[PDB]
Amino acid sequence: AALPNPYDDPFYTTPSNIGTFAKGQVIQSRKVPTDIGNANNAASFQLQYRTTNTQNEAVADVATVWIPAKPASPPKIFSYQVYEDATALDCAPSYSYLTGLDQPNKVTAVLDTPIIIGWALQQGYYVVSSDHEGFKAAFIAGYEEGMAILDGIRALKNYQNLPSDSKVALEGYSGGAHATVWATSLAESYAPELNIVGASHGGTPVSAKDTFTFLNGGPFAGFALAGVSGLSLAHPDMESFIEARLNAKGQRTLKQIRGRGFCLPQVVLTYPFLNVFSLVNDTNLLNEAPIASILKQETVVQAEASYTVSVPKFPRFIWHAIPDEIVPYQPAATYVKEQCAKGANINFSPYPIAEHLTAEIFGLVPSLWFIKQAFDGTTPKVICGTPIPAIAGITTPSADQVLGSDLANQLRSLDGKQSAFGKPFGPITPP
């Protein structure tokens, strides 16, 4: 690609004086060429910045920012969370965004991603997309992801000298929605100066344990194994515990899914029908320490959580396929119901006839319309959590209205194309 592999690059390392940097402070930066930047006439940069890991240690991370040619004003910031879904360093969103064709997780940066970021740039928003898994590629580590993201937003504001109360909105789907929900949950306690006016996410994994039990042994069991790997990379005592229990197969397999160049496509293709329990000599792992208690922290479902989960009060749009076959629907419905009973402002859109990839599209125009309204202060008053399928042209303006013809024609082109997950996208509205 336009830069070396991140494994080969000291830009992806944490300097020994990391602790002297404030949260979100820019350590170094570099101009980078990106497909999205070239397509939208927006300069792109990578920012190496300070953040905080799960063990509350100061670490560096990388984020990618795009500067609109005609910024809206006052300045508005759009944080887009990618479904990286891998535990290797070179699967990073920053690397995947570069001009180039050999990046192993390139797929996660093309397809719907450029539509969404392109759209945000055409509205005049500053765009940031952080490498939310951080330098350990700790997929699904929520505190890891939440802090990295909030600190990436901080870094864009520092880098561009944006006003402190610059409006912020956040968006993501699938693994990017786990990252998004975690960043919203931590905003209050970790980054309360960020003026977040909205957030929009779909296909949300809210409980690590629940997403695990739904996935294990099925067609997308590679995602279960990726979560085990990613969580162990954020929790050292879970890592030791697991290491001690891996049989020879488990040892070969954990190394494999952490191997350079083993990204989402390889996760999907290598592990259908794997039972992660086949990797260990202990079937009761879910119930032992330190795992069981980590699972109670790695959840935003309060019924399951061993801590008081935040309730963001700003407007939110949350969508999900009821028949979701990859990320389970009910845990997310449970999260919305709970949050709504504590004063949240959630417009909830469960799609009764949909699957994971088709709901990725169905909720997209509603999602972006919602974010535009949140920036404008014009999100409609709704009874929190009422299950209403949001349909473009019915509950929102048309695709052409929201996106413009160009971007809506790009969105129509996805219909029937393969997604990162090996299943085709469908149309803008349910048939």
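In case it trips you up, residue 1 is the first one in the sequence shown, and so on.
If you average the CA temperature factors over each stretch, which comes out higher, 58-66 or 24-32?
Averaged over C-alpha atoms, the B-factors run higher in 24-32.
Where do the C-alpha atoms have the higher mean temperature factor in this entry, in 286-294 or in 346-354?
Result: 286-294.
Quick one: which of 378, 367, 44, 51 shows the highest Cα temperature factor in the PDB entry?
If I rank 378, 367, 44, 51 by C-alpha B-factor, first place goes to 378.
Top Cα B factor in the deposited entry, candidates 148, 206, 107, 242:
The C-alpha B-factor peaks, among 148, 206, 107, 242, at 242.
When the modelled residues of the chain are sorted by Cα temperature factor, does residue 320 land in the lowest, middle or highest third?
Lowest third of the chain for residue 320's C-alpha B-factor.
Would you please rank residue 115 by its C-alpha temperature factor against the other modelled residues of its chain and give the third it falls in: lowest, middle or highest?
CA B-factor rank for residue 115: lowest third.
For the chain shown, is the CA B-factor of residue 426 in the lowest, middle or highest third of its modelled residues?
Middle third.
Taking the C-alpha B-factors as the PDB entry records them, is residue 404 in the lowest, middle or highest third of its chain?
For residue 404, whose C-alpha B-factor we compare with every modelled residue in the chain, the answer is the highest third.
Taking the values exactly as deposited, rank residue 387 by C-alpha B-factor within its chain and report the matching third: lowest, middle or highest.
According to the entry, residue 387 has a C-alpha B-factor in the chain's highest third.
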